[PDB]
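Below you will find one chain, with nothing else, as structure tokens; this is the form deposited in one PDB entry, and questions on how it binds or moves follow later.
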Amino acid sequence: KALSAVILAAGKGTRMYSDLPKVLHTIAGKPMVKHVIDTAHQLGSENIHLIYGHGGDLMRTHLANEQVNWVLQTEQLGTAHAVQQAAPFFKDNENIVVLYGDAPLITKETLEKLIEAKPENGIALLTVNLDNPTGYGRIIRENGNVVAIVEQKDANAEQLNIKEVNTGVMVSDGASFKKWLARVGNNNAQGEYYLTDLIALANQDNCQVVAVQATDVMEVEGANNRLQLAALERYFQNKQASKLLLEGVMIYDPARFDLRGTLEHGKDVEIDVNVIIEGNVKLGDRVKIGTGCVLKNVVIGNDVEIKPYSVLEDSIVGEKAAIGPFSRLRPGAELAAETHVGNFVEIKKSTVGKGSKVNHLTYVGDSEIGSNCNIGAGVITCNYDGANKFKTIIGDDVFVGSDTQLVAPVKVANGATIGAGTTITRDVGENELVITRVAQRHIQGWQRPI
């Protein structure tokens, strides 16, 4: 039957010592709560009820495009009170899964298993085994069905040795939630309405509560501070790296690899140590990425080698291209097949045609460069003062001599040759050779001050 989700995301996260609310801190480049929202969507959730409160304006701005129901909680009275804020929107005939915005690593696979196990009119409770369960609510089974969650302070000597504990994640139908949430009381040391009390209330109605164990404890771990957040980050990155390794990506050291988005890859892709992949990246067959590279939102064709300490963003690189080391591709850089970009070169919002080379100490911005061009060392595209970033157009088979300035707007036609040290302000015609006439003074017998 249908499914909807409730995500608790109202927490201040005081121990983060941040102006952000708790769930907006990122794992792998995206907010903890976004991980959970995405997981909820992957499960096929019809509605996603987001319980929010602290940092409300920041939540709204940071998650503006998320397809969620914004349930603004005015006061924090416990998890049961939080869930009950969304209860009026529950369908009687749908399943509801309760999730936590500060526990981001819960997987679709584990939640599918939880939902599957839910008995009619009953509850499916996600549990986990801990080597040291001290502090956590112990799962008491009579059958394989949960009759109680006994808290640390109430447990007898025998119960304290129970390793299986409550995670707080649970599934039940909407009608049952609406029914039981209205019966939850707050007579306890904290004065809070606990969602945990639904296990008791379910048993009061002779409805069975089934336990389902999480595969990894890190799926249910929350982040209360940045040390814990860093632990989740490393676990997540290791898991991502392991998946890629088993898919056939050669990651030289998975402990020194970071994926912050999505990676599409071909076969025989090699990634050296300390590479960061951000946004949506596509790598073709036999792509080799050297140490220290940063790729953000890029498409890299087959057989490309990116040499060390290259930074690429919002760019496209054709097959058999060679980039780096120390290359910078800024947004809008489009390199054709078999191109060459070398050290201390910056390309911004420019197209570079097949076979062309830009190998040293050069800035190319707002330009179109044709096929088989030779852009010499020290070449710079620039503008007049007060300009609006006008374009430099370079044709096919053009030689641009070293340390030449190309002053936009300007066009250099096919087959043109430009001598070293030239300032190009007027258009250059097809097969036109332009060389600078220098005036020099030569003084003989100049003894250096040494």
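Heads up: residue numbers just count along the shown sequence, starting at 1. Heads up, when I say rigid core I mean the largest set of C-alphas that superpose within 1.5 Å between the two forms.
The protein also exists as the form deposited in another entry; that form is not presented, and the subsequent description refers to it.
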Position that moves between the shown form and the other one after core superposition, taken from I289, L295, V146, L283, with Cα shift of 2 Å or more:
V146
Once the core is aligned, please say if the CA of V273 is shifted by at least 2 angstroms between the shown form and the other one.
no
So that I can tell if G135 moves, could you say whether its C-alpha shifts by at least 2 Å between the shown form and the other one after the core superposition?
yes
Indicate whether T262 shows a C-alpha shift of 2 Å or more between the shown form and the other one, with the rigid core used for the fit.
no
Comparison of CA distance in the other form with shown form for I96, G144, at least 3 Å:
farther
